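So the sequences go chain by chain: R, W, H, U, A, G, Y, B and X. Residue numbering for the first sequence follows our numbering, beginning at -17 and increasing consecutively. Residue numbering for the second sequence follows our numbering, beginning at 14 and increasing consecutively. Residue numbering for the third sequence follows our numbering, beginning at 24 and increasing consecutively. Residue numbering for the fourth sequence follows our numbering, beginning at 4 and increasing consecutively. Residue numbering for the fifth sequence follows our numbering, beginning at -8 and increasing consecutively. Residue numbering for the sixth sequence follows our numbering, beginning at 110 and increasing consecutively. Residue numbering for the seventh sequence follows our numbering, beginning at 714 and increasing consecutively. Residue numbering for the eighth sequence follows our numbering, beginning at 22 and increasing consecutively. Residue numbering for the ninth sequence follows our numbering, beginning at 20 and increasing consecutively. For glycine and all other residues, C-beta sits at the position ideal for the given N, C-alpha and C. Working notes, beginning with the structure itself.
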Amino acid sequence: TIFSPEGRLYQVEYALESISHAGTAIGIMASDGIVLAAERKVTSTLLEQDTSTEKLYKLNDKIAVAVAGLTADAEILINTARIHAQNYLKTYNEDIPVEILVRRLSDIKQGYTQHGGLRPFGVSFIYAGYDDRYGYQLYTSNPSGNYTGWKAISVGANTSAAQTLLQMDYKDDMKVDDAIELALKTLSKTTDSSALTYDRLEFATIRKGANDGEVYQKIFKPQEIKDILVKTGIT
Amino acid sequence: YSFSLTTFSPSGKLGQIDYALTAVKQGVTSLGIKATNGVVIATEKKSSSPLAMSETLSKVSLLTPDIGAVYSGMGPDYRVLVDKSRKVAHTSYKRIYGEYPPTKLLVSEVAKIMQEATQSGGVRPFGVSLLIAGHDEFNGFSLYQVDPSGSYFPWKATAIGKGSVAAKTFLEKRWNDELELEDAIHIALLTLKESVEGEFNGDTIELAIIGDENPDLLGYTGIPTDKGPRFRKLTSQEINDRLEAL
Amino acid sequence: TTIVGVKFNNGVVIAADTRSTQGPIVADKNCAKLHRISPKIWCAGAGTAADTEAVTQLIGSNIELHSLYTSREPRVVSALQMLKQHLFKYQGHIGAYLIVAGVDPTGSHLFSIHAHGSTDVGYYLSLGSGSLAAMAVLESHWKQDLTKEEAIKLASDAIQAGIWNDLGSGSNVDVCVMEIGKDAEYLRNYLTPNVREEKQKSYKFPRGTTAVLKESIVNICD
Amino acid sequence: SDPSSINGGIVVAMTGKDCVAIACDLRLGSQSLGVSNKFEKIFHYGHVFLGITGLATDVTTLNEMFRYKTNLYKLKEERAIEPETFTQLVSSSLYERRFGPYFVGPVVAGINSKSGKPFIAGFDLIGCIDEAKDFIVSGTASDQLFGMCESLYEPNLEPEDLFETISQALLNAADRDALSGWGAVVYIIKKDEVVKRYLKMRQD
Amino acid sequence: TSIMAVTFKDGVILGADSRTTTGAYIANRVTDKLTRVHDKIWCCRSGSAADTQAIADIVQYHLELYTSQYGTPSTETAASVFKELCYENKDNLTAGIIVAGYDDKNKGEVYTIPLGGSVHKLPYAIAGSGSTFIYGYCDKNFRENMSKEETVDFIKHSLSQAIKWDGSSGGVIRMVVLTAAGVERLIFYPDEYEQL
Amino acid sequence: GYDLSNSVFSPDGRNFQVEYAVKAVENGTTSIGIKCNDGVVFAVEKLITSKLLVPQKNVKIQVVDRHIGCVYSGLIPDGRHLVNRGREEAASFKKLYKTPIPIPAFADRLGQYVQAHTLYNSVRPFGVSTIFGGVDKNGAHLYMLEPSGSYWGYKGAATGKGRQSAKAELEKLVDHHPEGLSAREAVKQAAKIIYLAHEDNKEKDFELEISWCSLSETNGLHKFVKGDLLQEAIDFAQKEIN
Amino acid sequence: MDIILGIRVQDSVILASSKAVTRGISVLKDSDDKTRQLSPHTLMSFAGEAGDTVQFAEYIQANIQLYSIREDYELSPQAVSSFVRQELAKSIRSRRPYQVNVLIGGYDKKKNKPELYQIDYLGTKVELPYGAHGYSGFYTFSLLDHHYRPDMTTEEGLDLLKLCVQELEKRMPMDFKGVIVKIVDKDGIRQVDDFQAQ
Amino acid sequence: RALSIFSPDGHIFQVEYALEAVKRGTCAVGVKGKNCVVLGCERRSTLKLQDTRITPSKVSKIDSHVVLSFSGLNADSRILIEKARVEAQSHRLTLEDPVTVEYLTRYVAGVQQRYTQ
Amino acid sequence: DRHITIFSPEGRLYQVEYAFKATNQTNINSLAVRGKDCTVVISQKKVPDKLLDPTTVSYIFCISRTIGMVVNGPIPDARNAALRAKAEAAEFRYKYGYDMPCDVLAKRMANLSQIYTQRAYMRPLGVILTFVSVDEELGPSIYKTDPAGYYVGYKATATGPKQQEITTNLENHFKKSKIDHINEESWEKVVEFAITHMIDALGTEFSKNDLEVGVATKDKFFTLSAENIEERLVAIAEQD
Ligand SMILES: [Mg+2]
Ligand SMILES: [Mg+2]
Ligand SMILES: [Mg+2]
Ligand SMILES: [Mg+2]
Ligand SMILES: [Mg+2]
Ligand SMILES: [Mg+2]
Ligand SMILES: [Mg+2]
C-alpha cells in the first residue's frame, strides 16, 4: 500500500496488469436495457458450461456485475455487495440505488489501497443496474478503488482494442437487440481465440418490459447464447 | 508477519499462488468422473513404505453424507482443509437450515477458505487442489475442482496432479452424457491405470462414489425422510471385482 | 411429559408420550420428544422443548464431527460429558432434562441429565410430569435381565402410567430400541390409544357463507 | 406488560387437499385503544408465507429480517426457499435470541414446489417448533382458535371449502377477543395460484 | 446425604449412603457418591449434584495432567486443588467435599473441604445432612489405628444411624477401602444396616 | 543469511542465533555446581573489575522459592529474567499444589520457557546458561540449561570461560568419590574447582561465591556460604592451588 | 404527557403540538416547539422523556441531512420513517432506551401525495390519515373518525384540528398551553401562525 | 509498520511522492471574486464514452455552503469528502452553527496530516 | 523464500525440509514393533559426558496412562512436543469422557505441525514423533508424525540416521512371516525380538545402559529399567 517515486501505487498498478490478462467483459448500456457479455478464460470440451457462473453475477434483483480478475477475490466483494444491498433495504424499505452500492464496493477496495498491508483485490467490475432516480446505469470499478460510469465499456483483455470498437459503433439512441449485437461483435473482434462459440460466452441483460413495471434481469442460458449468436451472424 | 505473503508481481502474477499450483502438479493423480446417476472420484494410495498401513490414510474423505472430496498436492494441507470443511458444513448450514449444504455451496465455502490463505497476512496458500463430488435434491449431481487461488469450476470429468493432461485427454474421449455409474467407475479405473507406475489393485487404489441412497449405512431404521448417505467408499474387494473385468 | 429409559439384557430402550402443552392447552397432540444424537444414541427430553431440541442438535452436530475427526463411532459418555458441561455452563437456564440412551463399542448405556448439569446412571429411569406415575410402574415390574420384548412392554406401560394419570402427558407412545449388534429402531407411535371419536355432526359450511369484501390474486413468482 | 398482549392479533393456518390457508385479523392497538385497522400479519418470501403475531415492532422486525435472509438465500442458492427449510430458519433465528427473545408467535405456511405436499408449522417465541398436519394458531385468541378449529376442522378440504372453514374459525374466535378483529385477511394457497380475500366483520 | 471417611491402620475408608433427593422425592436411590479423582484418591460428595460432579471432573483432570508431568500426586495436593476450586468460586457453589487418599509414606489421610472453601485435615470426617445426628456417636466410638474390620463397622454403624434419622439419606451403604494392597468396593444393604 | 533471524533452520538443521547466544555465554564468568550426597553446591567466580567495588555485595547466585538455588553464566541480566520467571512459575505451582515445586518440575518449566525463545524471529535466545537445583521430596538435583532450552541432570556441572578446566576437576570427583560427597567437602571442592577454573581468566583478582542446599546442613533450604565456613574453603583452595 | 397530533388532508399534512413544557410542579415554558424539519418536505414531531426527546430528534435530523448531502437527494417520507423506526426498534433493547414517540409528516415529491407516519418508542410504525400519541387519541379520535374525509382541503383539516384541540382543552386535565401547527405540502413546511384563533 | 518516515535529508518520501500523485491528477482551480468564488476543473480524457449524467463530479458539496474540489487519486478523495461531510453535520449538531470554511479546512487538513504519521 | 515456510518456485518448503535434518542431530535410532497384545519401542541411549546423571537422559515419554511417545530430534523441541501431547491428551479425556486414542493424538499433533508449515512466524519443530499404545478399539499401535505435518500408522517402524538399515531388516521379517506383528504372547519376548533385530541391522552389541525400551499393553505403557533390560539382554545371548 505504498507510493512509488512517481506517485503510483505499485500493487494497484500490478493488480491492473493481472486484470488485463483476464477474459473480456463488456457492458453496453442501451435506452431500454443494459447488456453484459463476457468471454470465459480457460475452458474445454469437458468443462460444464451449463451449470456455470464465473463472470456474471446477480447482486440484487436490479443489479448484476461482470467480473474480470480473480474469481475468488470477486466473490468476496460480491458477497459483501449483496449484503450492503440488503442492509440498505432493511434500513429504508427501498432498493439500493446503483451508485450507492457501487460507491460502497469501491471504498472497500480503496481500503486495501491505503492501509493494512494486504494485497488489493485483483478484480475489476462492470455494474449494470437500474433504479428510480437515474434509470439504467453502467459502472466500473477497478483495484484502485476508482469507479466511473459509462454508456458502454469493457474490462479485462484487449481493452483499448474493444473500447475503440465500441466508441466506433455506439450511438446514444440504441436498442437492446442492437447492443447485444454490438457486444458480441466486439468480443468477436478482440478475442485471442479461434472464434466465438457459445461454450465460451457468458451473456446477460437487464430489461424493463413495457408490458409491466419492474426490471427483469435475465442471465442467458448456454443454448440461448448459441441462438443469439446465429441471429447476429457469427454462425 | 501481518502483511500478505502473496503479492502481485510486475507481470500480474500471484507468485505464491503459482508456486502452490506447482506443488499440486507434482502430487499423485486423482480424478473424478461424473455420470448421469452418480459421480466417482479416485486416486492412488502411494504407500511411502510397505511398512506403513495403507488404510490409515483416507485420501478420499466424506464431507457430508452426500459430498466427498479427493485431492492432489500436500496431504497435510488437505487434512486440515477437510476438517474446516466438515465444520463449516455444520456451522454455516446444518445449524441453521437443519440440512446439509448443496455441493456448490460447500464448494464455495471451501473456496473461501483457500482465498483467505491467498490474502490474509502471514500465511502461504494451500498447496492442494481438490475434486469435490456430491449430490443434492435440487442441483442433482456435480463434480467441482478447487484450486489454491480459490478458483473453483464444475467438470463433467477431470483429473489433477501428475498425469493430469494425459488423463484429461483419456477422459475427454471416453466421456459422453449418457454414462451409467459402473461405466464411469470403469473409466476411472482405466484412466487411473495409465498413471499408476507399480501394482494396480484394490490396495493401491481408492475409489469412492456418490450415488443412490444406502439405507444399510444409515445406522437406524424409522424416520423415512432420510434414506441414507449417497457417498460410499469402495472396498478393496469391490474394487478388484471390477479390475478383473478389464 | 413422560419419558423413560429402560436397559435390557443386550441394549437399551427409551420411550415417551407425545403431548406438548402451552400451559393447559394441548398445542401438539403428537409432537416427538425422541431425538437422535447419533445413529445409535438417542435421547428423550422434557423441560423447555426449544431447549431440549437445541441442546440436542448442537451436541449431535459436535458429536458427528468428533466422529469424523476420529474415524470412530460415537460414544455415549461423550454425549453425556458434552451435554453436562454445556448445561452446567448455563447455570440451569437451559431447561433441558434428558435421558440419553444408546449403544456404542463399549456396550449399552443409560443416563439422565438434569438441567443444572448433573448426571445419573441406572437400569431404568424416567423424567417429566409423568415421572412418578412411570417410576411407580418401573419400581413394580422391573427385574434384572429383561429380554428386548420385556423392556419394550415395561417402558411402554410406564409411559401409559403417565399418559392416564398425568395431565401433563398423553396422546401416544414413541419407542426407540438400541440393541447392541443391530441398528437402532425408532418405533414412532408404537402405541396409539387416544383417538378422538367421530364428531357428532359435520361443520362443513355451505360455500358462500362467509362475507367477502375484496378479492385479488397474489403474485408468487419473480 | 406482557409484550405478547399489547398490540393484540391472531393468525391461523390450515391445510387441505393440495392447498393450505393462512389468515389473520387486522387490528393494531395499544392496549384498549384501537390504532390501525390495516396491519396485516401475513407476509411471503416467494411461495412461503409467514404469519407473525405478538409485539408489533418485533413482528415488523422479524419480517424485515426474514426477507433479508430469504433474499441472500436465493442469491446463493439460485432458488427460492422451501417451507420446511424456512421453518428451520425461523426456529434457529429465534433461538439465536434465547435469552432476550422477540415476543412473537410465528406460523409458516406454503407448499413445497417439488413435492406438492402442503405444509404449515408454528413456533413459540424461542423456536420450539410445532408441526402438525391439521392447523396452527397463534395470537391473543389462541384458546378461542383451538376451540373453533378442533370443532370446525376436518381433513382434505377443497380450497373453496377450507376457505370457509378458516374464515369462520378466525372470525368467531376473533369475536371473542378484545384485542382482535377490525378486519380479517385470508390467503388460499395452491401450487400454481394464491388467492387473497378480505372479510367483512364487526368493527368493534 | 451421609458421608464419612475414616483413616485406619492400613489406610482409609470412605463410606456414604446412596440417596439423592429433590425435595421429598427420591430421584435416585442408588446413587454413587464415592468419586475417584485418582487411583488412590477418592472424594465424598455432599451438596449440589451438579456443582460437585463438575468440580470432581475438573480435579480428576487436573490430577491426570499432574501425573503425566510430575508423577503421582499426594492427597494433600488433591485437596489443595479442590480447595482452590471451592474457595475461589465460593459465591456460586454449594458443595462440601471430603477427600481421602492412600499413599505409602503417609498411609491414609483425610481432608474436609466445608462450604467456605477451607480445608481441614482430620482422622475421620463426616458430612452431609445426616451427619448432624452422628457427631455424638462418632466422637464417642472412634479410636485411632483401628483394623479394617473395626473401621468398616464403625462406618457401617454411624451411617445406619444417620440414615435412620435423616430422611435425605438411605438406600445402601457404600464404602471404598484404600490401603497399600489396593482398592476395595463394599456395599451393605438395608436388610442389614437397618437393624443394628 | 540463515543466521539473521532466530527461528530459522539452516540447511543443516541448526538454529544459528541459538549458537551465537552460546558465544555470549562462553565469554562469561565461570560457575559450577556439585551434586553431593544429600544436596548441591553452587559456586561462581565474581570478577573484580576494580577496587571501587564494594566487597561481597553484588551477589550473583539467586534463589527460587526457598529450596532452589540458581547460578548462571553469560549476559547477567538475561539470567535475572530467567530467574524472575522461575519465581513466578514456582509460586503458581505452590499456590495450586501446596508442595513447593520439585526440581525436575521446575527445570522443565525454565526449559519450556527458554525453548520458546527459539521459536520466533521476533525474540532472541537467552544469552545465558544456568546451573541450579535443590532438595525435594526425593533427593537432590542439579541441572544445567543451555540457550536452546536443552537441560539434563548432572553429578557436577560447570560453565563459562574456565568451563573445561572446571569440568576436568568435576570429572575427577565423580571418579574418585562414586559414593557421594559430604556437603562440607563439596563446598571446599567447589571453592577449589573455581580457583582452578579461574586460571582461564588468570589476569584479574576474584571473589568467590558459594551456596548450598543440603538436607542435613541447611534443612533442605537454600542458604549462602558466609563467615567461618567460607574462609575455611577459601583457604582450602588457596592451599591446593600450588 | 404532551399532545402530538397529525392529520393529512389531500394535499398536505397538518401537525399540531402542545406548547407546554412542565418540570415537576411548575410550567417552565409556554412556547415550545416539539418538531424538527428532517428534510425540506418531511417534518417530525415528538413527545416523551425529558432529554431523550430532543436528543433523539436532533440525531435523526443530522442523519437525514447528511444523507441529503452525500446523495444530493431527498429521501421519501416513507424512507425517512423506516429509518426512524429502525432506530427506535434498536433502542428498545439497548442499555437505556429513548422513551420517545414521533409522528412524521411529509409530502412525497415523487408520488405527489402527503404522508403521515406514527411510530412509538417501541418501533411500532403505522401509516394513517390522522394519528396521535399518548392520550391525545382517546379524546380526538372519536371526532376525527366522524368528520375526516380524504378530499379535505388544508382549511377543512385545520378546522377539524381546532375542534379536536377544543375537546382536549375541555375534557383534558392538564393545561398544555395551546398548540403550534405546521403544514407540510408540495411547497414546503409552513407554520400556521393563526391557530390561537382562525 | 512505519511507511512515512524521515530520510537523511529531512523528507518524508511517501508524503513527497504523494505530491507527485497530485501532479498527475487533472487540474482544478478556484479564484475568489468580490462576493463569490469560482472553482473550475478539467475533465479526465483517457477513455471517452462516459455517461456524464452520473459520473462522480469533481466538485463536491461538503455542506449547503461549503464545497471542495481536488486533484489526485479520485479514490483517496472520496474518503476525505465523507469524513468532511460527517464532521459538517456533527458541528451543526453540537455547536448549533454550520462550519466555517476555515474550520472545515482545518479538519480535512488534520485528517491528511494524521495519515502522514 | 528459504527462511520462512512460503513456497519456492519449485513448490517446496525448504524450512520444512531442513527441519527433517534436525531430527537427526541427536544421532539416536529407535524402532517399534507390535506384539500380539502390546507394542514395543526401543531406542538407543547414549550418555556421553561422564558428569551427566544417566537417569535423566531419555527421548521416551509417558504421555498418558495408555500412550507412550518416542522422539527423534533435539531435546528442547522434543519436550515442547511432549508437554502439549500430555495436555492435549488430558483435555481430550475431560471433554469427551474416554482416553485419547494414540492415533487421534497423533493426528492432532500432526495438525499442529502443519500449522507451522503454513504460518510464517512459526518455525517447524525439528522432531519426529512415534506414538504407541494398545488401543481399546484398534489394538497395538504405532503412529508417527513429522515436521511436514504428515502422520501415518505402521505395522512396525524405525527412525534415526540408520533408518533404512533397520527398516529393510524389518521389511524382510514381515515379508517372511506374512503377518503384521510379532507372534509372541508376552511382551518380554517382543522386546527381545526387537532388540535382536536392532542388533542384527546396526551390527552392534548393546549393554543395559545403551538401550531404552518402552512397552504398551492393555491399559498401561511403561519404560523398562536397566535391570529389566538386562534380563532381556541376557535371554538374547542364547539364540545368537
Ligand atoms: Mg394424561
Ligand atoms: Mg398463548
Ligand atoms: Mg374481537
Ligand atoms: Mg432414611
Ligand atoms: Mg559441552
Ligand atoms: Mg512457519
Ligand atoms: Mg515466521
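Rounded straight-line distance, which links the Cα of residue j to that of residue i
| i | j | result |
| --- | --- | --- |
| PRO105/A | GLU75/A | 12 Å |
| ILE86/X | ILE161/X | 10 Å |
| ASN43/X | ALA97/X | 12 Å |
| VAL767/Y | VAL14/U | 38 Å |
| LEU71/R | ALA48/W | 43 Å |
| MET201/H | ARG98/H | 13 Å |
| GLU204/X | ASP165/X | 31 Å |
| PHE241/G | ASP82/A | 42 Å |
| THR755/Y | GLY37/U | 26 Å |
| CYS145/G | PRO180/X | 37 Å |
| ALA20/R | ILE102/B | 35 Å |
Where the alpha helix (DSSP H) containing residue i begins and where it ends
| i | result |
| --- | --- |
| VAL132/B | 122 to 135 |
| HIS164/H | 154 to 164 |
| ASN85/H | 72 to 93 |
| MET127/W | 116 to 130 |
Chain E contact for residue i (CB, 8 Å cutoff)
| i | result |
| --- | --- |
| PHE759/Y | The chain labelled as chain E is not found among the protein chains of the depicted structure, namely R, W, H, U, A, G, Y, B and X. |
Residue range of the beta strand (DSSP E) that includes residue i
| i | result |
| --- | --- |
| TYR120/H | 119 to 127 |
| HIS58/H | 57 to 61 |
Rounded distance between the beta-carbons of residue j and residue i, thought under 8 Å
| i | j | result |
| --- | --- | --- |
| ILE173/W | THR116/W | Actually they do not touch by this definition, with Cβ atoms about 17 Å apart. |
| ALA12/R | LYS157/R | 6 Å |
| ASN814/Y | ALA760/Y | 6 Å |
Other residues of its chain near residue i: CB distance less than 7 Å, five sequence neighbours each side excluded
| i | result |
| --- | --- |
| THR136/X | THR24, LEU32, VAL35, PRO143, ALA167 and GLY168 |
Worksheet item: Can we say the region 46 to 54 of chain R touches the region 85 to 98 of chain U, given the rule of at least three CB pairs closer than 8 Å?
Response: no
Worksheet item: On the three-pair Cβ rule with 8 Å, is the region 98 to 110 of chain W touching the region 187 to 196 of chain R?
Response: no
Practice prompt. Kindly confirm or deny that the region 62 to 72 of chain W and the region 146 to 153 of chain W touch, where touching means at least three C-beta pairs closer than 8 Å.
Written response: no
Worksheet item: Below 8 Å, can you find three or more Cβ-Cβ pairs linking the region 19 to 30 of chain U to the region 161 to 168 of chain U?
Response: yes
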